[PDB]
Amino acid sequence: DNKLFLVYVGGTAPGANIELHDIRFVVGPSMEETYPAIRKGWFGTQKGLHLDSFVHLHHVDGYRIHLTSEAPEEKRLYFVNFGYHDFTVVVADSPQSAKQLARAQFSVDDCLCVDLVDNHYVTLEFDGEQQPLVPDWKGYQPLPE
């Protein structure tokens, strides 16, 4: 059973004075099997690359996330970064409606469509379940070599 993980990773990059951090979406049966995909998703230096937090995402806005190898869809998963507090994940039909829904959850941004991840398609099903967007785990976990 493949799972979708939102992963927050940290490391160095050439030119930079401090540690940088990025959010990756990866798919695997477990976290350790996503390690190759985390490493190649990471833009910076591989030496010292570490996991800071992650969450297995199964539900967003009442929608269950399904993953299939093959897969038309009405609504899609959108990740919205504000230039877990500084980002969100929403379900919407358009990139513009995704940004607006993201603005309304607080009380010019950038968004990514999460629809194809490590050769797996993201399809959504309404079922009513909520999932708090909080880490399953946080800390400092270096990836192996």
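Start at 1 with the first residue shown and count on from there.
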- prompt: Taking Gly83 and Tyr84 as adjacent modelled residues, how many residues of the deposited sequence between them have no coordinates (none, 1 to 3, 4 to 9, 10 or more)?
  reply: 4 to 9
Length class of the unmodelled deposited segment, which would lie between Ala71 and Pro72: 1 to 3
field: Stretch exceeding the other in mean C-alpha B-factor - 117-125, 11-19
entry: 117-125
Given 25-33 and 95-103, the range whose Cα B-factors average higher in the PDB entry: 95-103
field: Highest-ranked of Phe87, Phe43, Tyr63, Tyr78 once sorted by CA temperature factor in the record
entry: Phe87
message: So if I compare the CA B-factors in the entry for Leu49, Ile38, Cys111, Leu57, which one is the largest?
response: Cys111
